[PDB]
Amino acid sequence: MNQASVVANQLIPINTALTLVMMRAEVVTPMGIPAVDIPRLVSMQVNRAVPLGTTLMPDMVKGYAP
């Protein structure tokens, strides 16, 4: 894998609004939301708990639809 994705830098509880401290960028497989889209996720709520080190996928983010 070469391209980085958004990965939880902390446990993100269900219904939390994303902030920058929560979102690192890592090369992971499978590919999640591109790391470049981090700014676009800020203040959007997750619809499930996102454990530390989980790749953030589009379906985990309420209202995410590029």
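In this document, every chain is numbered from 1 following its sequence as written, which may not correspond to the numbering used in the entry; residues for which no coordinates exist are not shown. Computation of side-chain values covers all heavy atoms of the structure but excludes hydrogens and water. Residues with missing side-chain atoms are left out of burial classes, side-chain pairs and their counts.

- As stated in the entry header, the method of structure determination is X-ray crystallography and the reported resolution is 1.45 Å.

- The protein chain goes by ANTIFREEZE PROTEIN 13 in the PDB entry, where it is assigned to Zoarces viviparus.
- Word for word, the UniProt comment on the protein chain under Subcellular location (unreviewed entry) is "Secreted".
- UniProt positions are given in the numbering used here, feature names are shortened, and annotations may be inferred rather than shown by experiment. Taken verbatim from the UniProt record of the protein chain, the Sequence similarities (unreviewed entry) comment is "Belongs to the type-III AFP family."

1. What about the UniProt feature "domain: AFP-like" (unreviewed entry) in the protein chain?
Stage number 1. UniProt marks residues 5-64 with the feature "domain: AFP-like" (unreviewed entry), using the numbering shown here.
Stage number 2. The span residues 5-64 carries 7% helix and 13% strand; its end-to-end C-alpha distance comes to 15 Å. To qualify as a helix, a DSSP run of H or I must reach at least 4 residues; to qualify as a strand, a run of E must reach at least 2; elements of each kind are numbered from the N terminus.

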